[PDB]
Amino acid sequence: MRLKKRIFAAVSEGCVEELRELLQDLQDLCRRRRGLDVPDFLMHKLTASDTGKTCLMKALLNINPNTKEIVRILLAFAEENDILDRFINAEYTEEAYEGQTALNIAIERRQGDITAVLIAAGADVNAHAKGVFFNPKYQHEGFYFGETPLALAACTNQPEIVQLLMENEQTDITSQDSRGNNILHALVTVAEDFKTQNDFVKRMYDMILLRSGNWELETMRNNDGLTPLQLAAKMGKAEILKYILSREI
């Protein structure tokens, strides 16, 4: 057998027709003697045992004109077999990329439409990865963004995704990461004294506070005991610091 490898090949090239046929083959196989229950059996067939990469992650890492349809098929298949939540929330197991999920891959790759579907279909909007991105498209691998989907969308200037997540009451907007940083501390780390970005970060900062109403984001302290303003002062970032101060009046 090479069913698993065929399925990874199909989602990677975007062969929608072949994928449907292969997943019918996989369904048929469930009836046969196996050493696992159906959900563990399917998850193994759909997950590289090596790295923990699922075929959903493989699909999002290889964007092509058929990706949205292939994502629909994979989620339908998982849902038909009662493993939708387990499948969509699977995490990389390879140490370097530990904790990365389908949802992080879609956001970093700026796939807003797919991102909305992944969230509605049950992707954990509070999941934190502390490994680096696997094969990121736009950001450096070790890009620091405050370790949440909301903070990832904000720090990469994707305000429609930030708005979608803030409307979702499952999202923990005041979450603090392994540094004790909340989304505003994260924005402070991404700010710089430029002119080409000297817009998006402060606009995002303002939009998050205005739309969330979570004013306490400004007064909560990270592990070094620093509010976002004090973090900007510690980092010697004059411009975002003057922006934050301006909020006082």
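So that there is no doubt, residue numbering starts at 1 and follows the sequence shown.
- Message: Mean Cα B factor from the PDB record: higher for 95-103, or higher for 156-164?
- Response: Between 156-164 and 95-103, it is 95-103 that shows the higher mean C-alpha B-factor.
- On mean C-alpha B-factor from the PDB entry, just flag whether 78-86 or 119-127 is the higher one. So the stretch with the higher mean C-alpha B-factor is 78-86.
- When the CA B-factors of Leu46, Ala191, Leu60, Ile70 are compared as recorded in the entry, which is the largest? Answer, based on the entry's C-alpha B-factors: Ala191.
- Highest CA temperature factor in the entry: which of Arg211, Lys53, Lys202, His185? If I rank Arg211, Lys53, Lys202, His185 by C-alpha B-factor, first place goes to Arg211.
- Determine, from the deposited record, the chain-internal third of the Cα B-factor for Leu42: lowest, middle or highest. Tercile = lowest for this residue's CA B-factor.
- Item | Relative C-alpha B-factor of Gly142, binned into the chain's lowest, middle or highest third | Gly142: CA B-factor falls in the highest third of its chain.
- Query: C-alpha B factor of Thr174, ranked within the chain: lowest, middle or highest third?
  - Reply: It falls in the bottom third of the chain.
- Using the B-factor values recorded in the entry, state whether the Cα atom of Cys30 falls in the lowest, middle or highest third among the modelled residues of its chain. Its C-alpha B-factor belongs to the highest third of this chain's values.
- Item | For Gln111, the third of its chain into which the C-alpha B factor falls | Tercile = middle for this residue's CA B-factor.
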